[PDB]
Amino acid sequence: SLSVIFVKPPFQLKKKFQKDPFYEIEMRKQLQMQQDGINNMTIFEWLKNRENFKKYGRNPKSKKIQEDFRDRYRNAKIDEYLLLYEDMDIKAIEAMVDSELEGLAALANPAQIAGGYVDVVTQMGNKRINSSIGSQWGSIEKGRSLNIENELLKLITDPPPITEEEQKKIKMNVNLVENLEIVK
């Protein structure tokens, strides 16, 4: 196993998300899923994805994966609502579902700057709370995602070091949710 890496600086619940209590709940939900997404990968895996994202950029395949899911999810929800509430006015249901989907985004767990190069999409989440996380991950040259890689390198290079062979068998171990910082 490995020592926990806490994200530095902590993620922030910005001013405009403090009004409605749903946003706090969602930010934890979303940071969790991104956390779980990293801790599912191996040290070598994560470090490669970050290597590639830095060297070649965003993966064009991922936007298509996501829109394809939206389209499925849209139709899936319509059927759920048709059959659950007995409204056969599929145009009404379609209107309603499309409202919901306006403030929803396919969730890349984790984002691509944060080592999720080839993500498989399966859940929807608040588009804005998702874009807050996404910018707070920072840039390649500076930010929270960088601070995770640097700390993770010191861990593997300090003695007794970790070879690629052992990198491929130790899973990531970050925490993005304990220290969530509510702006004051």
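Residue indices: 1-based, along the sequence shown.
Engineer: Quick one: say whether 5 to 13 or 18 to 26 has the higher mean Cα B-factor in the deposited entry.
Structural biologist: Per the deposited B-factors, the answer is 18 to 26.
Engineer: When the C-alpha temperature factors are averaged for each of 155 to 163 and 65 to 73, which stretch ends up with the higher value in the entry?
Structural biologist: 155 to 163 has the higher mean C-alpha B-factor.
Engineer: Among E94, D79, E86, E100, which residue carries the highest C-alpha B-factor recorded in the PDB entry?
Structural biologist: If I rank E94, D79, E86, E100 by C-alpha B-factor, first place goes to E86.
Engineer: In terms of recorded Cα temperature factor, pick the maximum from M124, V118, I129, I148.
Structural biologist: Each of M124, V118, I129, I148 was compared by C-alpha B-factor; the highest is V118.
Engineer: According to the PDB entry, is the CA B factor of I140 in the bottom, middle or top third of its chain, that is, lowest, middle or highest?
Structural biologist: For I140, whose C-alpha B-factor we compare with every modelled residue in the chain, the answer is the highest third.
Engineer: Give the position of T42 by CA B-factor within its chain, expressed as the lowest, middle or highest third.
Structural biologist: For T42, whose C-alpha B-factor we compare with every modelled residue in the chain, the answer is the highest third.
Engineer: Grab the CA temperature factor for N59 from the record and place it in the lowest, middle or highest third of its chain.
Structural biologist: For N59, whose C-alpha B-factor we compare with every modelled residue in the chain, the answer is the middle third.
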